[PDB]
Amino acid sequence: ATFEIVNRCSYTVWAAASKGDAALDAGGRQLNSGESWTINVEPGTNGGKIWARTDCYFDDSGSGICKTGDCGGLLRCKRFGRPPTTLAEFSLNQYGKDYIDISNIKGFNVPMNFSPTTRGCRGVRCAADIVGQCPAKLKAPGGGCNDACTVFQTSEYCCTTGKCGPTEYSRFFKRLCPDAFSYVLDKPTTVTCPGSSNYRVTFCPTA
């Protein structure tokens, strides 16, 4: 499957694509404002994610650090990124269908649209100004808006035991982006697409 990753932001993003224990395609690439990168994701991939990383500093070897979404200090990500990260999430070819969503469970950094290239299903978007509205306690000093689990590290927010429910911090994200997951046990906003669809992930969408 093809995923076209398009940066419409005024600023550079270092796009990242991983399934948690391996890169998807090259795993990461610098996208200056206005640039795009098309990757191929293998069929059957489960638990894939695409995200933006902001304010990265890499050396010639592809080693360094990003202010949001860093993946083990690498340009070419093999693992998932440090919160805060708006996440495009997908599993492909699952009983004949693909499943896509956006999540704010690990916070929000860059506004995102995640859309199929087919008319057979609809896209989802989280592009409200979450960073400008972020409560002081959730602000990340390097940019972005942390989720409350990252900040407070209690099960109330991390859903590690029992049955967590919404909180004032999950509701902050959820009201701004109803179509994105706001905590682990949020009512799902996953979209079912025809199996083997292709997609576009747009940073700073407007359309």
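Residue numbers here begin at 1 and follow the sequence given.
> Between 174-182 and 158-166, name whichever shows the higher mean Cα B factor according to the PDB entry.
Comparing 174-182 with 158-166, the higher average CA B-factor belongs to 158-166.
> Mean Cα B factor from the PDB record: higher for 121-129, or higher for 82-90?
Between 121-129 and 82-90, it is 121-129.
> With respect to the C-alpha temperature factors reported in the PDB entry, which of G44, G48, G142, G27 ranks highest?
Answer for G44, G48, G142, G27: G142, with the highest C-alpha B-factor.
> By the entry's C-alpha temperature factors, tell me which of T189, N198, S18, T12 sits highest.
Answer for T189, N198, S18, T12: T189, with the highest C-alpha B-factor.
> Test of reading the entry: by CA B factor among the chain's modelled residues, which third contains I102?
It falls in the bottom third of the chain.
> Could you say whether, by C-alpha temperature factor, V151 belongs to the lowest, middle or highest third of its chain?
For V151, the deposited C-alpha B-factor lands in the highest third.
> Hey, what third does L74 fall into on Cα B-factor, ranked over its chain?
Its C-alpha B-factor belongs to the middle third of this chain's values.
> By the recorded C-alpha temperature factor, relative to the other modelled residues in its chain, which third is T54 in?
Its C-alpha B-factor belongs to the lowest third of this chain's values.
> By its CA B factor, does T68 count among the lowest, middle or highest third of the modelled residues in the chain?
Answer is lowest: the recorded C-alpha B-factor places it there.
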